[PDB]
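In what follows, a single structure is set out as C-alpha cells and then discussed.
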Amino acid sequence: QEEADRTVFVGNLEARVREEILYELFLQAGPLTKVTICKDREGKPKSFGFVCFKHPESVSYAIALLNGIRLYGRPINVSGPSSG
Numbered sequence: 005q006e007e008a009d010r011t012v013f014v015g016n017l018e019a020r021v022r023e024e025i026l027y028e029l030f031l032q033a034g035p036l037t038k039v040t041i042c043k044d045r046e047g048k049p050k051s052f053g054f055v056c057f058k059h060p061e062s063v064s065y066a067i068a069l070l071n072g073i074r075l076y077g078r079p080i081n082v083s084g085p086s087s088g
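Counting in the authors' numbering, the sequence shown runs from 5 upward without gaps.
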C-alpha cells in the first residue's frame, strides 16, 4: 500500500509522448522513483502509464498542477490512488 499511495495515473497521452517526457514533466511535483508507459500483451506501448513518486505529498501536486496540461496538444488526464 505504501507504494500505491505514491503512484499516480496519467492518460490521454499523445502518440509522441515517451517516458523521458513524462519524467521531465512530473519531476516538478517532487522526486520520482520510476515512470512507466503501459505495454500490452505483445509489448506495444499504450496511451497511458503510471508515475511513482518517492513521497505521497507529490500526489496532490501532480494532480493539481498537471491534470489537463496539453502535452503535444492533448490535455493529459492525471488521477490519483483512490478506493471506496
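Think of the CB as a built atom: it goes at the ideal place given N, C-alpha and C, for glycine as much as any other residue.
Just to confirm my understanding: we take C42, look at its own chain, exclude 5 residues before and 5 after, and list those with CB closer than 8 Å. What are they? Once the five neighbours on either side are set aside, the close Cβ partners of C42 are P49, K50, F52, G53, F54.
Residue nearest to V39 in terms of C-alpha spacing, selected from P60, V82, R45, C56: When each option's Cα is compared against that of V39, the closest is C56.
Mark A33 as exposed unless 16 or more other C-beta atoms lie within 10 angstroms of its C-beta, in which case mark it buried. Burial call: buried.
Evaluate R20 with the Cβ neighbour count: other Cβ atoms within 10 Å of its Cβ, from every protein chain shown; 16 or more gives buried, anything less gives exposed. Classification of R20: exposed, given that the 10 Å Cβ count is below 16.
From the DSSP output, in three-state form, read off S64 for me. Shown here, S64 sits in a helix according to DSSP, grouped into three states.
Leaving out five residues before and five after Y76 in sequence, what residues of the same chain have Cβ atoms less than 6 Å from its Cβ? Same-chain partners within the cutoff: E18, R20.
Please classify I73 as buried or exposed, where buried requires at least 16 other C-beta atoms within 10 Å of its C-beta. Taking every protein chain shown into account, the CB of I73 has fewer than 16 other CB atoms within 10 angstroms, so this residue is exposed.
Taking 7 Å as the limit between beta carbons, can you name the residues of its chain near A8, skipping five residues before and five after? If the five residues before and after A8 are omitted, its C-beta is found closer than 7 Å to the C-beta atoms of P85, all from its own chain and listed in chain order.
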